[PDB]
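To keep things clear, I will list the structure first and then write my remarks on it.
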Amino acid sequence: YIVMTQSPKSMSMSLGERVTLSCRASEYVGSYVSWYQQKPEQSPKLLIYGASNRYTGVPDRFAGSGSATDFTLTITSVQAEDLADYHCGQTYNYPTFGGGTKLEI
Amino acid sequence: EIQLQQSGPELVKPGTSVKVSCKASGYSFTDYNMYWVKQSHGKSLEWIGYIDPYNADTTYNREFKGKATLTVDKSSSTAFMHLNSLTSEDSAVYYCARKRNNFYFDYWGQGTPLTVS
Amino acid sequence: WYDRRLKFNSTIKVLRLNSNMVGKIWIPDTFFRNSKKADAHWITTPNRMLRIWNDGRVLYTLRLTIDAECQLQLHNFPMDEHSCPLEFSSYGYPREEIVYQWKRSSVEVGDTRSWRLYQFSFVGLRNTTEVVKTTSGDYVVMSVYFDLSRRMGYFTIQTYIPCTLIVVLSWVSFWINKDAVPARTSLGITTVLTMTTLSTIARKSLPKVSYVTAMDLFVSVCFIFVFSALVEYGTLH
Amino acid sequence: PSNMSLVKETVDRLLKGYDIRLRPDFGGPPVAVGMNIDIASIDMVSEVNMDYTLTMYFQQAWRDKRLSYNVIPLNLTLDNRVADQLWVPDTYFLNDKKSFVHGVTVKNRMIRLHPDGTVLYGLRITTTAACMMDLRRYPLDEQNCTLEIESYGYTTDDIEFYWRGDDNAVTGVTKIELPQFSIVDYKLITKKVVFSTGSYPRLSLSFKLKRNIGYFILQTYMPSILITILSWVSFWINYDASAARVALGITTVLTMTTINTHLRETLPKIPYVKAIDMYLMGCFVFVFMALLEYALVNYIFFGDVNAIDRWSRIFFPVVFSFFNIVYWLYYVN
Amino acid sequence: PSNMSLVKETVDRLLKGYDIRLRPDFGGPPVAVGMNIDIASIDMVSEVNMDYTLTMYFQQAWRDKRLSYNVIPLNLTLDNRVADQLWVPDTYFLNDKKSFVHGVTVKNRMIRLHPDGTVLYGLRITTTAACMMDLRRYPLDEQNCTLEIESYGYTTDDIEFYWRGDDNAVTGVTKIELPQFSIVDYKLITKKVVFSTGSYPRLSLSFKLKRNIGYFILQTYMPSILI
Amino acid sequence: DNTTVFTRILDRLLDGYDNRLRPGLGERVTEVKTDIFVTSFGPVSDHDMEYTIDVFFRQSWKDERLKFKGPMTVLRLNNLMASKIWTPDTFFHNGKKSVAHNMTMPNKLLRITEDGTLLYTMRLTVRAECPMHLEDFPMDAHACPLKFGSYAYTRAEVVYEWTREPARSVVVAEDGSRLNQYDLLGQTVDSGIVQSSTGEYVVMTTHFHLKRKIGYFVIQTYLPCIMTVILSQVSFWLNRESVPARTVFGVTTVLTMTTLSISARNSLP
Amino acid sequence: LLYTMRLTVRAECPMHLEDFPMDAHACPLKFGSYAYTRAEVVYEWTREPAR
Amino acid sequence: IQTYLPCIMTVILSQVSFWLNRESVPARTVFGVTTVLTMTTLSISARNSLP
Ligand SMILES: *[C@@H]1O[C@H](CO)[C@@H](O[C@@H]2O[C@H](CO)[C@@H](O[C@@H]3O[C@H](CO[C@H]4O[C@H](CO)[C@@H](O)[C@H](O[C@H]5O[C@H](CO)[C@@H](O)[C@H](O)[C@@H]5O)[C@@H]4O)[C@@H](O)[C@H](O[C@H]4O[C@H](CO)[C@@H](O)[C@H](O)[C@@H]4O[C@H]4O[C@H](CO)[C@@H](O)[C@H](O)[C@@H]4O)[C@@H]3O)[C@H](O)[C@H]2NC(C)=O)[C@H](O)[C@H]1NC(C)=O
Ligand SMILES: *[C@@H]1O[C@H](CO)[C@@H](O[C@@H]2O[C@H](CO)[C@@H](O[C@@H]3O[C@H](CO[C@H]4O[C@H](CO)[C@@H](O)[C@H](O)[C@@H]4O)[C@@H](O)[C@H](O[C@H]4O[C@H](CO)[C@@H](O)[C@H](O)[C@@H]4O)[C@@H]3O)[C@H](O)[C@H]2NC(C)=O)[C@H](O)[C@H]1NC(C)=O
Ligand SMILES: *[C@@H]1O[C@H](CO)[C@@H](O[C@@H]2O[C@H](CO)[C@@H](O[C@@H]3O[C@H](CO[C@H]4O[C@H](CO)[C@@H](O)[C@H](O)[C@@H]4O)[C@@H](O)[C@H](O[C@H]4O[C@H](CO)[C@@H](O)[C@H](O)[C@@H]4O)[C@@H]3O)[C@H](O)[C@H]2NC(C)=O)[C@H](O)[C@H]1NC(C)=O
Ligand SMILES: *[C@@H]1O[C@H](CO)[C@@H](O[C@@H]2O[C@H](CO)[C@@H](O[C@@H]3O[C@H](CO[C@H]4O[C@H](CO)[C@@H](O)[C@H](O)[C@@H]4O)[C@@H](O)[C@H](O[C@H]4O[C@H](CO)[C@@H](O)[C@H](O)[C@@H]4O)[C@@H]3O)[C@H](O)[C@H]2NC(C)=O)[C@H](O)[C@H]1NC(C)=O
Ligand SMILES: *[C@@H]1O[C@H](CO)[C@@H](O[C@@H]2O[C@H](CO)[C@@H](O[C@@H]3O[C@H](CO[C@H]4O[C@H](CO)[C@@H](O)[C@H](O)[C@@H]4O)[C@@H](O)[C@H](O[C@H]4O[C@H](CO)[C@@H](O)[C@H](O)[C@@H]4O)[C@@H]3O)[C@H](O)[C@H]2NC(C)=O)[C@H](O)[C@H]1NC(C)=O
Ligand SMILES: *[C@@H]1O[C@H](CO)[C@@H](O[C@@H]2O[C@H](CO)[C@@H](O[C@@H]3O[C@H](CO[C@H]4O[C@H](CO)[C@@H](O)[C@H](O)[C@@H]4O)[C@@H](O)[C@H](O[C@H]4O[C@H](CO)[C@@H](O)[C@H](O)[C@@H]4O)[C@@H]3O)[C@H](O)[C@H]2NC(C)=O)[C@H](O)[C@H]1NC(C)=O
Ligand SMILES: CCCCCCCC/C=C/CCCCCCCC(=O)O[C@@H](COC(=O)CCCCCCCCCCCCCCC)COP(=O)([O-])OCC[N+](C)(C)C
Ligand SMILES: *[C@@H]1O[C@H](CO)[C@@H](O[C@@H]2O[C@H](CO)[C@@H](O[C@@H]3O[C@H](CO)[C@@H](O)[C@H](O)[C@@H]3O)[C@H](O)[C@H]2NC(C)=O)[C@H](O)[C@H]1NC(C)=O
Ligand SMILES: CC(=O)[C@H]1CC[C@H]2[C@@H]3CC[C@H]4C[C@H](O)CC[C@]4(C)[C@H]3CC[C@]12C
Ligand SMILES: *[C@@H]1O[C@H](CO)[C@@H](O)[C@H](O)[C@H]1NC(C)=O
Ligand SMILES: CCCCCCCCCCCC
Ligand SMILES: CCCCCCCCCCCC
Ligand SMILES: CCCCCCCCCCCC
Ligand SMILES: CCCCCCCCCCCC
Ligand SMILES: CCCCCCCCCCCC
Ligand SMILES: CCCCCCCC
Ligand SMILES: CCCCCCCC
Ligand SMILES: CCCCCCCC
Ligand SMILES: CCCCCCCC
Ligand SMILES: CCCCCCCC
Ligand SMILES: CCCCCCCC
Ligand SMILES: CCCCCCCC
Ligand SMILES: CCCCCCCC
């Protein structure tokens, strides 16, 4: 299957500073990459789909982008409610998620 | 509003089986496939399999091929995953999600903790 | 044909009509057995005519362009003569349901001067009528044979005259001095090699048929002379 | 006139309350559609386009209890336009790239109702059917071109194909006078192909065509041999004739390239050496060696020599003869 | 499905007693028809046949009071087969030699009714149009190929043409990538051609094509220079 | 009389049915799930920058107007019902001139499941535009696109989708390949939005990754080019006094090199 | 009635290429009714025949 | 410029051989055959423009 690898295993960016999370796919996945936020003791929450489109009801700070095999989720100004593990997955084939990336201050 | 409610916390000894349910609400249950996801403590989400509720066609992850069997009931808008030959490695929290498109999983389950010991 | 349903008594002797009424009445399903592709004419309107008499006679004529299939046998080419047919019959109605027959005026062949027949000359026409048996029944078939006689005037200037003239170029090798080794070979190799091109382009005019034709025979013999002429100097030196 | 009136009521009765949308015995056992072909001609086998054009009287028969009549004791053949008011199989040819039914003076089509209900339905069809050809042994090659007759919308649970007459279904194959080929054999097969949408019935009409080598011998091989034969006359020319032998050798080797290039243009852009190619390339080596034979002679003299001409006058005819024997035995047999 | 039933009644009224034989404002002022092209591609610019092949999305926009509705707030995109039940301008390309509307999966057309009565009518057309080329300076030549959109049966007293958006009516010209031509310029004109049968509206879409010489150095000039 | 039960069902479905209005008009977007089965990947015409492809173009959508209850759960029908109901107006953005085969009958199938779902496949021969950058010709590879979408309906009206995983939705027949001088390495798919004069439209893109096979050009241009270069170097081994012989060597090879250069370009645009 | 149509008629022009390429031809274009004889349909030029 | 000039230049070209010394046989022979073969191609190529 396609393995998704998130380069920053953890992030310690301070509150209010731009933080970028990366997500690498071993092979082509088109634009079928989605980003999910999982706060502790919570189910995943869809944030970005299509590798660029923002799910309805999500704050506008989140902005994903990326060509095939190179996908990034950039938070322009991380706030006190964006601290959680972030999951990137692909649905171009049988769905495989990436290792969660955790944020800290 | 949509809501995927699941069975709840479980405890079980190795060797015996277990069944977990995922109750759909708010949308036409047969329109969208239901996916099952596994998440061990502090580990990446793993896809088990999905079932087409309309005709109950199932596709399984090769790792979980045989370990899990997916069944659905049209009458009660519920999806069931049955696990057999449980071991320590099978202790995790299991989620159910609906694939709204071929782009994203729209609504996820509450999460069903499982413990084998 | 006669159609008792379409009989009317009045002062009018004939109802002369356009293509509009053709689809309303029964028309025989005549098709051409050897037509690779045919089409009617539709500009400005469908080139069809229909006339109905009192007794029930129906006259139905239409203009057709038929790309018929004539199985040429070019064993002797370009002197071949062919008898190209044009068969037709009802596609569905067997001999017990549709019988055809040539009228007294068999085929009113038009003025042959304006025809696009350049290669051939229209010698004459011949008609027949016979019953062909098939899996779906016995059908009456009527075939028109057109006899076409080839003219070789173009092929002489196109093929033979170049083939004749090039062979003469070999002969002048002999009058050229034997000591001129490059000159003789120059003429010989140039003469034979262009003979190869003439054979191919001459052979190109023919289709891909697996048998030597009369045109092929002429070029091959001309090939022997040019080759022998070159070989004549080879032994001469 | 009683039959004309009686036949009119019968045919009018059948088409009244007839649903073209439902097949015979809809929601029931599959309808068995018998097929029967009569090849009128095989116009042209094209290697460039990898297809052949075939004209046939495609006929297919099936049963329809709705179209069963018994008042009149005869088989009703009706206008071809009635076919638009009756259910007919949705037969299609999976290979066809461009096909049509002839339409002069009327649509070349047939309908014939029988009292039991059997519907005899025939079409005159010209099909340009795809046939991918393995030209590795070309022109000593043998092609197997097929025609894949299949139902599109109806699975094996709704329709069923068979050759009406186990081996007498297809006729006319013997008389077909194909110029380039000779139809060695023809086989009639029935299968069941499975797609993601279901299982469908298949009939295959194969034609094992064999190349007529005669056309190419006069056109391709004979020029190559004579070009190769005349290459050797350089060996009988005096060694001190550089202007002559070089002109001869250069003339011959260039001609082989033109023949090879000219020949390959007529064929498709096929990325492998065919039997013809392995002969033209083989002949190229001999003529080129003959050119190098003189260059070897010239260098040894200016830069004994008569012996090289003599041995080359014997070796070259022989080793080329063996090249023919090994070539023709490998390919012709 | 309640809104579907409401739409069905509205769309049914418009075609009820709708005389397809009569243009909008028949017996009245001319109907103004707005056109805007989207050049999909230009191919087969052939001087042996003196023509070029043009693929485009050819949209026409006009007002038809008979097709005005107010109940539905949204614009109705209808199945393309409705166009056969509606009056549409009889526009033809005068220099067109051979054209067709693309056919798969269905007829490549569009009908979109707007509440005020406006009708957006689009077709995907591949037209082989005649372009007479002055080869005197060939291959270092600039050709001027045109497309002559004109109404056949309706004179200027019955119909008018205008480039909907003016100079921004035609798009895609920059993207078009001809192998041996550079599309240096394109222009849009509005004429009124007079025939013996009356005066008719005319829209002319001219492209000035400049030939690329790089190919001809490889095959034409350098072989002759080296010889 | 046995079929009269099914005839009354079809009459009921089409009673008061408006095939001019898409499902869920003004209420919902029309989701069209589509997949392609390529029965053969036709030849590539680099001269015209195009390729041919024969497909079973399957597309499925939900139409609540076509629900029914009866002895059968699926109504397996013919092309006639396709024209009676609403079907999507899909078209190929880069298609040049495609064929909807209708021999012997329209090569289409229409199946109505009892829940209103429709399966509507059709056999097509699409001739599509493949822009080629021939900078590395003949050792070049291309990703020929096959884009399609609705002609009239914007993203807010009909949205397309792959019926299976996007990787698993374009399937090529194992024995279906009419390529001569190319290899079909594989295919990739994607979905996006395209702006236009009429609005935003969903475009379903498939890229067939081709790679030319240089076997032909090796033995048509390179080998003649290599040998004529060898021919010209035979002159170096001839005595310098053979002026006619070495001169004919030079002119003949140069002229041969000229015709090969002219001949080589004739294949491609 | 005025009934006009746009056509691309491909008419036959028999040529005598005796003086080719210094040859001139008078290519005809003949038309008339297919079904109506001279006693039923007659054709005329709308203006002077020259114009 | 397609047929008459190539014919006129070929015949003018063939008459260049009259000014070449008689002792140069290969030069004048290749003058001859090359012009005749040139003429043959012109004849065949001239007909293809006509039926
Ligand atoms: C598969 O799809 C193809 C399309 O790709 C279908 O082919 C089409 O079939 C329809 C229906 O049969 C044809 O329509 C008919 O066309 C008649 C004249 O067509 C001429 O012009 C067209 C261009 O417009 C050409 O394409 C035609 O040439 C082609 O077809 C002929 C065979 O028809 C071949 O021989 C050629 O080689 C070409 O391939 C023609 O040149 C037209 O007259 C006809 O309309 C009359 O009949 C209908 C029948 O109901 C009436 O409603 C109508 O009013 C007309 O009737 C008047 O005229 C007749 C003439 O005698 C009178 O008898 C009547 O009384 C009345 O006065 C009809 O429109 C269409 O041309 C054809 N080709 C296309 C669309 O390209 C296949 O059928 C289809 N199925 C299969 C199995 O292949
Ligand atoms: C309407 O159309 C039908 C069918 O086209 C006609 O019925 C045919 O009539 C002919 C005339 O007699 C029959 O000819 C012979 O019939 C024999 C009877 O075979 C029956 O038994 C089995 C059924 O299991 C089948 O063979 C067949 O379908 C019949 O049901 C056949 O055995 C004969 O076979 C061979 O005969 C000679 C042998 O040399 C050959 O020439 C033949 O080609 C064939 O190989 C022969 O067929 C024919 O069988 C009838 N067919 C059917 C289906 O009934 C009606 O007569 C016709 N009505 C009219 C014209 O009014
Ligand atoms: C041109 O090239 C094609 C290649 O595609 C050849 O096609 C194959 O030809 C062979 C030889 O005739 C066929 O072999 C046959 O296989 C059948 C088994 O497969 C079918 O089985 C059932 C029917 O029973 C179908 O429903 C199912 O879908 C399968 O398709 C056999 O039943 C056939 O009969 C013989 O079977 C055994 C031998 O296996 C014998 O013991 C029997 O007595 C009987 O003789 C036969 O074996 C094959 O099916 C063809 N299609 C393919 C491979 O796709 C053409 O033959 C060739 N033609 C020419 C003229 O060259
Ligand atoms: C049914 O269809 C109608 C017709 O399209 C839709 O209504 C139009 O929607 C378009 C959307 O493309 C709107 O277009 C915008 O109009 C703005 C105002 O234009 C006014 O002035 C023009 C002058 O000719 C009038 O024609 C027009 O009617 C308006 O009165 C323009 O300012 C816009 O251009 C601007 O775009 C951006 C963002 O504003 C700027 O950065 C640019 O610089 C530029 O200034 C644009 O053209 C238009 O308002 C609507 N009315 C029309 C065209 O008459 C309906 O929405 C649709 N129904 C639906 C979707 O339910
Ligand atoms: C020149 O260009 C013009 C462009 O206008 C073309 O003319 C159109 O051609 C199409 C195709 O033939 C015509 O479409 C036809 O419409 C008929 C009428 O439809 C109405 O009435 C029926 C009931 O009679 C209703 O059911 C329907 O909803 C409409 O209200 C149809 O009856 C025709 O059906 C034919 O095709 C179908 C295809 O599935 C068959 O199943 C049928 O049996 C039947 O054969 C057909 O759909 C259209 O009407 C023409 N006019 C216009 C203005 O569009 C010319 O074809 C084109 N070529 C020439 C030579 O002129
Ligand atoms: C390919 O070749 C064609 C030629 O057939 C070119 O098309 C012609 O282009 C010219 C110039 O664009 C057109 O000529 C005139 O253009 C005017 C544009 O306005 C300018 O000129 C006016 C008057 O001189 C100035 O007042 C103004 O400020 C601008 O400087 C049009 O307005 C003209 O129409 C008016 O005048 C004519 C003649 O007097 C009247 O009959 C009209 O009613 C109107 O009042 C005029 O069009 C010419 O019309 C074009 N078509 C032709 C000649 O058929 C293409 O341009 C060329 N391709 C490219 C890419 O350039
Ligand atoms: C004038 C008449 C000549 C005849 C004379 C007889 C003798 C000549 C004999 C001729 C017969 C041999 C030629 C057959 C060609 C087919 C095989 C082939 O192409 O090989 C491979 C080419 O693909 C590669 O692997 C790249 C290698 C390119 C090599 C270029 C030639 C050598 C250049 C050095 C020479 C210059 C140095 C010389 C300096 C002194 C296979 O590729 P493919 O099949 O095309 O398909 C693509 C890959 N695929 C298979 C994985 C899909
Ligand atoms: C085309 O076919 C027709 C039909 O066969 C040919 O006309 C028919 O020719 C026969 C033979 O001559 C006629 O029968 C003969 O009539 C003469 C004169 O009455 C009589 O003396 C003979 O004993 C014999 O009966 C037949 O009548 C005639 N057809 C008609 C309708 O009268 C015609 O010759 C054929 N065209 C050719 C061969 O070019
Ligand atoms: C020694 C000798 O007799 C000379 C006479 C002709 C010479 C060959 C000509 C063609 C050459 C092509 C390339 O230049 C490589 C060397 C090459 C093969 C040469 C080999 C040596 C030869 C045989
Ligand atoms: C038609 O009328 C004529 C005389 O007017 C008569 O002789 C003939 O019998 C009539 N035919 C009929 C009524 O069929
Ligand atoms: C191009 C033609 C070469 C010469 C053909 C020789 C084969 C014999 C032909 C004559 C047989 C009757
Ligand atoms: C891959 C096939 C190679 C073809 C080689 C042609 C030359 C072999 C014959 C040489 C005879 C001396
Ligand atoms: C360079 C090619 C030379 C080919 C020589 C073949 C004839 C036999 C050689 C005998 C040498 C004494
Ligand atoms: C089956 C046809 C094979 C005929 C082969 C003839 C060519 C032999 C040439 C031998 C010349 C030495
Ligand atoms: C292409 C693989 C088969 C090669 C056939 C070799 C036999 C032909 C003659 C070669 C000369 C020895
Ligand atoms: C063996 C081919 C002919 C070469 C000339 C022979 C002269 C005696
Ligand atoms: C019937 C086959 C004849 C082949 C031609 C003769 C040999 C060149
Ligand atoms: C089928 C054999 C054709 C004739 C062969 C000629 C051999 C030189
Ligand atoms: C691949 C084998 C090639 C042999 C050719 C002979 C030497 C030029
Ligand atoms: C290929 C020929 C090599 C032998 C030449 C003689 C030694 C210089
Ligand atoms: C056709 C080849 C002739 C071989 C002659 C060998 C004796 C010098
Ligand atoms: C794939 C190798 C082709 C042969 C190269 C030719 C060298 C003289
Ligand atoms: C009008 C063309 C005249 C040129 C003739 C050629 C004279 C050498």
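Throughout, a chain's letter reflects where its sequence line sits, starting with A, and its residues are numbered from 1.
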For this session: Test side-chain contact (heavy atoms from CB on, under 4.5 Å) on C:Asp29 and D:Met110 and set out the steps.
Result: CA-CA 9 Å; C:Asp29 62 330; D:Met110 171 182 159; over 6 Å; no
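- With chain C as partner, the option from D:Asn36, D:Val104, D:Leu178 having the largest number of non-hydrogen pairs under 4.5 angstrom is D:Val104.
- Residues C:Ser136 and D:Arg112 come closest through the heavy atom pair O-NH1, 2.6 Å.
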For this session: Would you please test D:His102 and C:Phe31 for side-chain contact (heavy atoms from CB on, under 4.5 Å) and show each step?
Result: CA-CA 9 Å; D:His102 300 246; C:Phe31 84 106; over 6 Å; no
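- Taking D:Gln180, D:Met222, D:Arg124 one by one and counting their heavy-atom pairs under 4.5 Å with chain C, the maximum is reached by D:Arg124.
- From C:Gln71, atom CD reaches atom CD of D:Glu177 across 7.5 Å, with rounding to the nearest 0.5 Å.
- Only the backbone of D:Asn75 comes within less than 4.5 Å of a heavy atom in chain C; its side chain stays farther off.
- With a 4.5 angstrom heavy-atom cutoff, C:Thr185 touches chain D only via side-chain atoms.
- When heavy atoms are compared at a cutoff of 4.5 Å, C:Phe223 approaches chain D solely by way of its side chain, counted from C-beta outward.
- Of the residues considered (D:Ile217, D:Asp79, D:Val106, D:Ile111), D:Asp79 shows the highest number of contacts with chain C, using heavy-atom pairs under 4.5 Å.
- No side-chain heavy atom of C:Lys37 sits less than 4.5 Å from a side-chain heavy atom of D:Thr126.
- At a heavy-atom separation below 4.5 angstrom, chain C is approached by D:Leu248, D:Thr251, D:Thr255 within residues 248-261 of chain D.
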Could you pull out every donor-acceptor pair under 3.5 Å between side chains of residues 37-45 of chain D and any protein atom, sequence neighbours left out?
| from | atom 1 | to | atom 2 | distance (Å) |
| --- | --- | --- | --- | --- |
| D:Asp38 | OD2 | D:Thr171 | OG1 | 3.0 |
| D:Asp43 | OD1 | D:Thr55 | OG1 | 3.4 |

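- Ring pair D:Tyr57/C:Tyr91 is parallel by interplanar angle, where below 30° counts as parallel and above 60° as perpendicular.
- With a threshold of 4.5 angstrom between heavy atoms, D:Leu123 approaches chain C through N, CA, C or O but not through any side-chain atom.
- Scanning both residues, D:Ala247 and C:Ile189, for their nearest heavy atoms gives O-CD1, 3.9 Å.
- Residues C:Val209 and D:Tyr215 come closest through the heavy atom pair O-CD1, 3.4 Å.
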For this session: List the steps and the verdict of side-chain contact (heavy atoms from CB on, under 4.5 Å) for D:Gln219 and C:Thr200.
Result: CA-CA 7 Å; D:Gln219 192 186 41; C:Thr200 57; 5.7 Å; no
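- Of the listed residues (D:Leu230, D:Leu226, D:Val233), just one forms a side-chain contact (heavy atoms from CB on, under 4.5 Å) with C:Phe227, and that residue is D:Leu230.
- Atoms CZ and OG1, from C:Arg48 and D:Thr105 in turn, are 8.0 Å apart once rounded to the nearest 0.5 Å.
- Around atom NE2 of C:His41, more than 12 heavy atoms belonging to other residues, nucleotides or ligands sit under 6.0 Å away.
- C:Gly92 and D:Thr77 get closest at one heavy-atom pair: O-OG1, 3.7 Å.
- For chain D, no part of C:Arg63 is nearby; none of its heavy atoms comes within less than 4.5 Å.
- In the displayed structure, C:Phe225 atom CZ is contacted under 6.0 Å by at most 12 heavy atoms of other residues, nucleotides or ligands.
- Both the backbone and the side chain of C:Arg33 have a heavy atom closer than 4.5 Å to some heavy atom of chain D.
- Here CD of C:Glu97 is found 8.0 Å from CG of D:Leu76. Values are rounded to the nearest 0.5 Å.
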For this session: Take C:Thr135 and D:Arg164, measure what side chain to side chain donor-acceptor pair (under 3.5 Å) needs, and give me the verdict at the end.
Result: CA-CA 11 Å; C:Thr135 182; D:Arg164 191 158 128 275; 4.9 Å; no
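- Of all heavy-atom pairs spanning D:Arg81 and C:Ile25, the tightest one is NH1-O, 4.5 Å.
- The contact between C:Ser35 and chain D is made by backbone and side chain atoms together, counting heavy-atom distances below 4.5 Å.
- Within the model, atoms OG1 of D:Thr53 and NZ of C:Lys36 stand 8.5 Å from one another, a figure rounded to the nearest 0.5 Å.
- More than 12 heavy atoms of other residues, nucleotides or ligands lie within 6.0 Å of NZ in D:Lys175, so this atom counts as buried by the packing criterion.
- Closest heavy-atom contact between D:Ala243 and C:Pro182: CB-CB, 4.2 Å.
- Few gaps surround CD on C:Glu130; more than 12 heavy atoms of other groups in view lie less than 6.0 Å from it.
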